[PDB]
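Peer 1: Right, I'll just put the structure down here and ask away after.
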Amino acid sequence: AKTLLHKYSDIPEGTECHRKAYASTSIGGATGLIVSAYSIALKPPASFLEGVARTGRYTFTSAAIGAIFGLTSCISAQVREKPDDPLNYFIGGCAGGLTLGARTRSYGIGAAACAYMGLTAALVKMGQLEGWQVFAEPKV
Amino acid sequence: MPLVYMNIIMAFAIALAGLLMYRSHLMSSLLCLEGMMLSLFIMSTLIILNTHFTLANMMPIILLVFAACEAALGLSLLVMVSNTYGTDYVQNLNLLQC
Amino acid sequence: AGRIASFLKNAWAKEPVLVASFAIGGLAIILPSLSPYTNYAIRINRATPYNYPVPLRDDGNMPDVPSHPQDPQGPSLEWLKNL
Amino acid sequence: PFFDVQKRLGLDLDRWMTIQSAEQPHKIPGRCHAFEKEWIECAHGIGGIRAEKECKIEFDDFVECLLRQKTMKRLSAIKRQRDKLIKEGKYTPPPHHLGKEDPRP
Amino acid sequence: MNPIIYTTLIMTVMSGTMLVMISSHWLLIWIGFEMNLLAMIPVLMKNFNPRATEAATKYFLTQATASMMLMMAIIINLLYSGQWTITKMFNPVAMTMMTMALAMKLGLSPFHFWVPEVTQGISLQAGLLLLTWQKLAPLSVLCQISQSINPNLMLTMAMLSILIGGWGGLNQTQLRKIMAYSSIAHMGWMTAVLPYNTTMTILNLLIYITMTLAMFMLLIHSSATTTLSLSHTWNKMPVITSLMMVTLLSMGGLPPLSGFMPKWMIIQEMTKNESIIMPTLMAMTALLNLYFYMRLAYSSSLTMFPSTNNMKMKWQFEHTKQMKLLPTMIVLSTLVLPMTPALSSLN
Amino acid sequence: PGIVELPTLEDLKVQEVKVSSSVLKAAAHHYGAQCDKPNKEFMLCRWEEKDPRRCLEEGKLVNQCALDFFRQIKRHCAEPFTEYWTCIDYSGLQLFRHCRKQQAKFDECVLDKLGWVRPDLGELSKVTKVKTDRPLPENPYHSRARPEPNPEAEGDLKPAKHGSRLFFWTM
Amino acid sequence: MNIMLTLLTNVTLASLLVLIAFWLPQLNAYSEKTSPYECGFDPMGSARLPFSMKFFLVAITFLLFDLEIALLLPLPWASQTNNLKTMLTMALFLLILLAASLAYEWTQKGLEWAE
Amino acid sequence: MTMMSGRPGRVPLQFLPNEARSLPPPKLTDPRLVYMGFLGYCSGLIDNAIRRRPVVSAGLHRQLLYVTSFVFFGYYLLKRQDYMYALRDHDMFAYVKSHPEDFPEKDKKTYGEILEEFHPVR
Amino acid sequence: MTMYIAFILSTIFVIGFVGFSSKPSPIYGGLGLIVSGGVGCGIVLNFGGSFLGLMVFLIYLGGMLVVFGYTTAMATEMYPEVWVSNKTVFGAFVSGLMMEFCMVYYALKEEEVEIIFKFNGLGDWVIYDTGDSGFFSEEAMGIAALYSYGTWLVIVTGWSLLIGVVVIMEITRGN
Ligand SMILES: CCCCCCCCCCCCCCCCCC(=O)OC[C@H](COP(=O)([O-])OCC(O)COP(=O)([O-])OC[C@@H](COC(=O)CCCCCCCCCCCCCCCCC)OC(=O)CCCCCCCCCCCCCCCCC)OC(=O)CCCCCCCCCCCCCCCCC
Ligand SMILES: CCCCCCCCCCCCCCCCCC(=O)OC[C@H](COP(=O)([O-])OCC(O)COP(=O)([O-])OC[C@@H](COC(=O)CCCCCCCCCCCCCCCCC)OC(=O)CCCCCCCCCCCCCCCCC)OC(=O)CCCCCCCCCCCCCCCCC
Ligand SMILES: CCCCCCCCCCCCCCCCC[C@@H](O)O[C@H](CO[C@H](O)CCCCCCCCCCCCCCC)COP(=O)(O)OCC[N+](C)(C)C
Ligand SMILES: CCCCCCCC/C=C/CCCCCCCC(=O)OC[C@H](COP(=O)(O)OCCN)OC(=O)CCCCCCC/C=C/CCCCCCCC
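Protein chains in written order, with the UniProt record's numbering: chain A, 2 to 141; chain B, 1 to 98; chain C, 2 to 84; chain D, 2 to 106; chain E, 1 to 347; chain F, 79 to 249; chain G, 1 to 115; chain H, 1 to 122; chain I, 1 to 175.
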């Protein structure tokens with residue numbers, strides 16, 4: 002829910018990296034659980050234990066990606082002493098992409114995920130800076 | 001809300017979950033649909049009686065009528081399905097894909 | 002007018018139940034519009050006092066409203082006793 | 002979307018059953034007739050946006066009549082304090098409450 | 001089926017929709033939905049075969065679940081406010097259930113799976129009815145309760161519908177499933193602008209209905225349900241394939257064709273609020289629908305596929321039944337952009 | 079939200095009419111014929127004020143009138159009234175139809191002793207008029223001041239300046 | 001309260017009768033005694049096999065006609081309204097609709113059992 | 001959102017209020033009407049083509065009816081559209097007139113008193 | 001607190017719902033739905049709704065008779081399943097029972113918002129009416145008003161029933 006989002010976003014950028022990594026890990030785990038639920042519903046795994054294995058695999062992948070992103074982004078922001086800089090989010094996104102590539106054991110997946118996740122995270126940081134609204138409330 | 005309202009809402013939720021989770025028989029899912037209709041009847045009747053909304057007292061009966069229609073519709077379809085396969089299993093309704 | 006008479010005779014000879022049903026239904030449909038006592042039923046329904054009659058405040062300009070239940074003004078049920 | 006056929010023709014197909022304050026048989030009143038009447042008269046003609054703010058008091062009273070949440074909260078508080086007082090033994094409850102009351106017609 | 005019975009069933013479907021559109025009472029709206037479904041089930045089964053029966057069963061299950069959720073939302077709203085009038089929906093949980101029920105009725109993602117299956121299992125006339133007339137009632141209700149909508153949920157469902165429509169349509173060789181995925185994407189577009197302006201929703205619905213009617217009527221005129229059977233039409237009647245190609249280009253949203261008008265308008269409306277990222281995503285995603293429309297146009301009109309010998313016999317005969325509204329539908333599907341400001345008459 | 083005003087217990091004391099429902103029913107017609115004025119005054123107060131706390135004296139007057147009526151009934155026709163209400167009381171539905179001889183005797187006694195005439199059928203259900211010095215309440219609902227409406231549409235309609243003004247269109 | 005007590009009393013009496021029936025007499029149960037009865041010969045199939053219903057259409061029509069009973073039950077109270085003309089028109093409308101539905105099912109061979 | 005559904009005084013299904021009679025009607029040579037007639041002519045040509053008839057010469061009465069119907073509908077469509085835009089302008093001007101605090105006319109400054117940054121191009 | 005009769009009846013209602021929602025076999029599902037209809041009739045009766053409770057009980061009895069016939073015709077197997085004959089059915093039944101018990105404990109010992117709002121209990125007797133008037137039943141008057149106020153409802157309902165007869169005949173025609 003938005004409680005996890007608030008728990009992540011309430012902590013300042015370059016402070017308390019362990020807590021931010023924990024919050025990002027929780028967000029990733031929730032995303033992976035939802036993904037595994039939909040996957041099990043639409044593609045039955047033919048066994049209960051196989052379903053548990055698929056759920057654990059997806060959830061661990063997502064949680065690892067989130068933890069790596071949060072830790073790397075916070076550490077970069079703290080080392081550079083430059084909060085409110087999209088470069089930290091780009092570095093965290095590429096770290097998460099390389100984590101995904103290692104998780105699936107594929108170099109092309111790793112490179113593409115690094116590029117795309119870094120770009121997306123930098124865009125998200127720019128949106129937080131400039132006030133871009135994804136779901137705009139009706140104004141006129 | 002009193003405990004009875006929560007119990008009726010829980011009954012509706014249980015019937016909806018039973019409908020959404022098919023086992024094999026279409027008849028069981030039709031029964032779950034009828035249960036949802038019954039729960040709605042009870043809930044609306046309790047609300048209308050509590051607030052003394054006199055003209056709303058005819059509303060639940062109307063609900064029942066269309067419930068019957070819906071019940072008849074389902075049964076009709078089941079007949080045809082059985083006549084095609086000799087059984088009412090939802091596994092056999094797989095000629096069309098996404 | 003001649004073929005329908007034969008049709009009625011054949012229906013009476015083959016399906017008397019349906020003949021009686023249709024005759025009874027048609028009578029039940031058409032008779033109430035020709036009876037003078039339907040309005041009597043309406044008046045009897047209107048004359049049944051389910052709720053309390055709330056009195057009106059006297060502004061001094063209502064000579065048609067009785068000041069007492071036994072006063073000559075107001076509606077009469079004398080038609081009901083002769084029914 | 003909404004074609005107001007009823008308004009255009011003055012038919013009243015279903016408006017007779019939309020609200021509880023509208024011409025019940027035998028003049029039987031709803032449990033919250035006055036609250037709904039006050040809210041409707043407050044909100045009439047000013048639009049939903051303005052009514053949501055300027056008729057909030059009448060709507061709150063109407064909802065309190067409908068569901069009676071605050072009344073049960075207050076009754077529960079009184080009952081809890083009374084039970085604590087009697088458990089401590091300081092309550093000294095009255096005869097009428099205990100059923101020894103002298104009833105009146 | 002008797003023609004009298006078929007006419008009565010079609011009239012009952014239309015009467016249920018009209019009852020939804022003219023009612024002020026939630027019970028009467030629900031009754032309109034029930035009557036529409038009851039009359040619609042046999043129309044889907046007019047040509048009896050196992051596929052039609054399967055499609056009718058799936059449709060009935062989906063719509064009955066949606067109507068149960070609809071009634072529960074109505075009853076919750078009544079519980080928290082003794083109101084029967086269709087209005088700002090005083091309870092948020094009831095409003096969420098109402099939105100989900102209406103989305104399931106419309107076939108919006110993620111309640112989208114039944115649309116391709118039901119469309120593929122029925123005839124082209126039944127598909128025309130299902131994809132044109134059946135959208136009116138839920139969209140009318142959504143327009144009436146738009147001010148209380150939660151924009152996050154509806155925008156999520158609309159974006160998902162556009163994405164899923166494009167991706168699913170990319171994989172199809174059956175024409176009915178292509179039409180169904182196109183319908184899913186267009187419903188996503190219609191519901192994306194609903195919390196901001198219902199006039200734009202109405203305009204998009206009208207243009208989509210016109211284009212879909214032209215498409216289905218052209219598909220009925222040339223008895224094709226697959227890509228390969230449509231690839232023969234050039235050797236029997238090239239005019240039909242040329243008109244189909246232009247109509248497909250219009251459905252793809254290319255200027256200066258009419259299908260460009262709604263998206264354009266919707267995008268503008270979304271930029272009148274802040275809403276910048278979502279319209280850009282929506283257009284870039286509609287490129288997928290354009291891609292598979294273009295593939296169909298490649299197969300049927302821009303190249304010539306091999307034919308068969310027996311086609312010579314078909315050269316000697318003419319089309320018996322003629323659609324009187326097809327030319328006007330084609331013209332309205334293609335050459336209507338210059339009259340864009342007339343949309344003011346919709347509000 | 080403010081406290082609720084309630085009358086004291088001493089204010090709620092009044093001489094009580096302590097006769098059973100059969101006794102009340104046996105004398106209902108004559109009671110409605112004789113005590114009509116205070117009862118109608120009380121009912122008008124009750125339906126106009128919409129508050130039981132504002133019509134207490136009228137209720138006390140109603141009780142006093144009923145007490146006087148029953149005192150007179152005791153004073154002149156104790157025995158016929160006792161027989162009539164015993165007959166009414168035996169019935170499970172408390173029916174008038176099953177005891178007409180006792181009713182006739184009670185009616186004759188009240189007519190001769192007090193000149194009382196039993197109301198005819200349909201007379202006690204009339205809507206009557208009552209003269210009272212009680213002022214008509216102006217805000218019995220305790221309503222707030224209603225919000226002012228949106229002002230109005232006024233003036234003559236003129237063509238839109240430069241047309242639709244939609245992108246490149248000049249009309 | 002009284003109706004609940006009456007239901008409890010009746011159910012308890014029936015249950016006690018069953019208990020007495022099953023615990024008083026001498027029981028000698030063996031496999032041949034408890035085998036299913038088919039007039040002295042063993043059954044071929046199972047009694048849980050599908051059993052065709054020849055009157056299924058009449059059963060669905062009975063479902064539909066049962067709700068008109070609920071619609072028409074309040075007529076004794078409806079006969080007490082002031083506007084008797086509208087009430088009579090609507091009651092006759094409902095009964096005529098029910099008769100028309102019966103006639104339609106009759107003429108289309110809907111009351112004939114499947115063969 | 002619906003701007004104009006609840007506008008006070010609106011008759012449900014009128015399509016043309018009496019107030020609209022105070023606006024100048026579109027000319028019969030309006031280019032929008034000419035384009036509507038062109039749409040009708042195109043519909044007639046497509047009707048000829050689909051029916052395997054000579055496209056330009058087959059039915060002159062049918063083509064005439066097509067053009068006439070399109071023009072006839074377009075006239076009333078244009079009237080309603082112009083009325084709606086006039087209504088929008090009327091409401092906007094009345095609202096601006098009735099809320100002067102939200103629409104102030106601030107003091108004018110000339111370009112000789114406004115300091116604009118200069119960005120050289122090199 | 002007063003005799004808990006309404007709470008007990010509603011709990012049995014939920015139990016019957018769980019019984020037929022675990023879907024053992026349509027015979028036992030119909031039995032559970034019949035039990036639920038009976039307790040719902042009792043619940044409505046305890047609120048003053050005699051006619052509505054009796055009507056819903058009668059309608060569901062007829063419906064379940066038709067469902068029993070259809071189950072014998074088209075929804076049978078060699079070994080019909082009961083709530084303890086299959087691990088899926090037993091698991092669903094036990095999960096439903098535990099969910100009901102947990103929700104009851106949550107709403108009874110505490111006062112928390114499950115989904116919509118909060119609830120403390122106190123028995124359903126508190127929100128009653130203490131209305132003292134009438135030689136008639138208000139529910140009876142409201143239901144009888146269908147023939148004077150609900151002309152539109154009668155029209156649409158009768159049309160729907162006739163259309164339903166035609167519709168079922170068309171659907172089962174086959175060919
Ligand atoms: C319009 C104008 C043109 C525009 C576009 C045109 C130009 C751009 C496009 C063309 C180039 C882009 C290609 C990207 C990578 C493609 C890989 C791929 O397709 O995977 C599928 C493909 C499929 O493989 P598979 O099926 O998964 O498994 C079989 C493997 O092949 C079997 O693998 P294996 O056992 O043979 O060995 C693989 C192993 C070892 O590979 C080997 O066995 C041989 C050794 C090769 C590795 C070389 C690393 C050490 C040498 C680099 C020295 C410095 C770099 C030069 C810059 C000098 C700066 C002054 O590699 C690794 O373990 C990866 C560890 C990571 C170390 C290398 C990554 C360093 C990234 C560069 C950082 C630059 C930062 C900015 C600097 C700014 C200042 C200029 O993977 C490969 O086969 C290639 C693996 C190695 C590729 C990594 C090389 C990176 C090249 C530089 C990237 C720079 C562009 C991207 C920057 C933007 C991103 C944010
Ligand atoms: C922007 C500014 C304004 C522009 C307006 C927009 C464009 C023009 C209007 C569009 C609609 C008008 C025509 C509609 C009916 C045409 C249907 C047709 O089949 O035509 C055949 C027909 C010839 O048939 P025929 O004479 O009976 O004998 C030959 C056989 O039928 C032999 O027939 P067949 O069936 O055996 O031959 C087979 C052939 C048959 O297939 C076709 O003929 C294709 C026709 C498709 C109709 C267009 C679709 C719907 C309209 C949307 C257009 C979108 C425009 C926007 C830009 C996007 C481009 C797509 O198919 C093929 O060969 C396959 C070729 C594959 C290429 C695919 C490309 C097709 C799409 C291109 C559309 C371009 C616009 C229309 C082009 C002109 C067409 C005549 O063509 C004509 O002769 C009629 C056109 C000329 C009449 C108008 C002249 C007016 C009177 C003269 C005086 C002028 C007055 C000026 C006032 C001043 C006083 C002095
Ligand atoms: C792809 C091309 C689209 C064409 C669509 C079909 C065109 C032909 C259909 C002809 C329409 C017949 C209507 C005329 C009879 C009068 C009906 C009138 O009373 O209805 C009015 C309504 O007027 C109609 O809406 C106007 C119809 C005109 C539509 C044309 C606009 C298309 C956009 C511009 C594209 C160019 C079109 C070119 C035309 C050939 C009442 O308004 P109201 O009851 O309060 O609205 C209810 C809904 N609300 C309140 C929620 C808004
Ligand atoms: C003094 C003159 C009396 C005038 C009375 C009014 C008119 C009386 C005649 C009207 C119609 C009489 C019955 C119909 C004609 C004869 C019957 C007939 O058509 O064929 C019989 C045949 C039945 O026989 P089978 O089942 O097919 O036998 C199979 C085995 N061999 O009938 C039919 O097919 C259809 C029967 C439809 C029955 C109608 C449904 C019930 C309607 C009656 C209920 C009340 C109606 C009241 C409303 C109407 C008011 C006017």
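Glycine residues also receive a C-beta, built at the ideal position from the N, C-alpha and C atoms.
(1) Looking at the structure shown, is residue 118 of chain F part of a helix, part of a strand, or coil, going by DSSP?
(2) Taking 6 angstroms as the limit between beta carbons, can you name the residues of its chain near residue 41 of chain B, skipping five residues before and five after?
(3) Please confirm whether residue 68 of chain B has its beta-carbon closer than 8 angstroms to some beta-carbon of chain G.
(4) Is the separation between the beta-carbon of residue 111 of chain F and that of residue 194 of chain F shorter than 8 angstroms?
(5) Hey, residue 19 of chain I and residue 32 of chain I: beta-carbon distance below 8 angstroms or not?
(6) Any residues in the stretch 118-140 of chain A with a beta carbon nearer than 7 angstroms to a beta carbon of chain K? Which ones, in chain order?
(7) DSSP has residue 58 of chain C in a bridge; who is on the other side?
(8) What do you reckon, are the CB atoms on residue 33 of chain H and residue 74 of chain H nearer than 8 angstroms?
(9) With 16 other CB atoms within 10 Å as the buried threshold, where does residue 28 of chain I fall?
(10) Is any heavy atom in ligand 4 found nearer than 7 angstroms to the beta carbon of residue 34 of chain C?
(11) Counting C-beta neighbours from all protein chains within 10 Å, is the total for residue 82 of chain F 16 or more, i.e. buried, or is it exposed?
(12) Is the shortest distance between the beta-carbon of residue 42 of chain D and the beta-carbons of chain E less than 8 angstroms?
(13) Which one of G:102, G:86, G:99 and G:9 has the shortest CA to CA distance from residue 144 of chain I?
(14) What is the DSSP secondary structure of residue 298 of chain E, counted as helix, strand or coil?
(15) Within the same chain, show all residues whose beta-carbon is closer than 6 angstroms to that of residue 265 of chain E, passing over the 5 residues directly before and after it, in chain order.
(16) Leaving out five residues on either side along the sequence, give the residues of the same chain with a beta carbon under 7 angstroms from the beta carbon of residue 67 of chain I.
(17) So, at 6 angstroms on beta carbons, what are the nonlocal neighbours of residue 127 of chain G in its own chain, with the 5 sequence-adjacent residues on each side left out?
(18) Could you tell me whether any Cβ in chain E is nearer than 8 angstroms to the Cβ of residue 3 of chain H?
(19) Considering only heavy atoms of ligand 1 and the C-beta of each residue, which residues fall inside 6 angstroms, strictly closer?
(20) Kindly examine ligand 3 and report whether one of its heavy atoms sits closer than 7 angstroms to the Cβ of residue 14 of chain H.
(21) From residue 38 of chain C to residue 44 of chain C, what does the alpha carbon distance come to, in whole angstroms?
(22) Is it the case that the CB of residue 59 of chain E approaches a heavy atom of ligand 6 more closely than 7 angstroms?
(23) Can you name, in chain order, every residue of its own chain whose Cβ lies under 6 angstroms from the Cβ of residue 96 of chain H, other than the five neighbours on each side?
Peer 2: According to the structure data:
(1) helix
(2) 60 and 63
(3) yes
(4) yes
(5) yes
(6) The structure shown contains no chain K; its protein chains are A, B, C, D, E, F, G, H and I.
(7) F:208
(8) yes
(9) buried
(10) no
(11) exposed
(12) no
(13) G:86
(14) helix
(15) 200
(16) 26 and 30
(17) Because residue 127 of chain G is not part of the residues shown, which for chain G are 1 to 115, the question remains open.
(18) yes
(19) A:107, A:108, A:109, A:112, A:115 and A:116
(20) yes
(21) 10 angstroms
(22) Questions concerning ligand 6 fall outside what the structure shown contains, since the ligands it does hold are ligand 1, ligand 2, ligand 3 and ligand 4.
(23) 103
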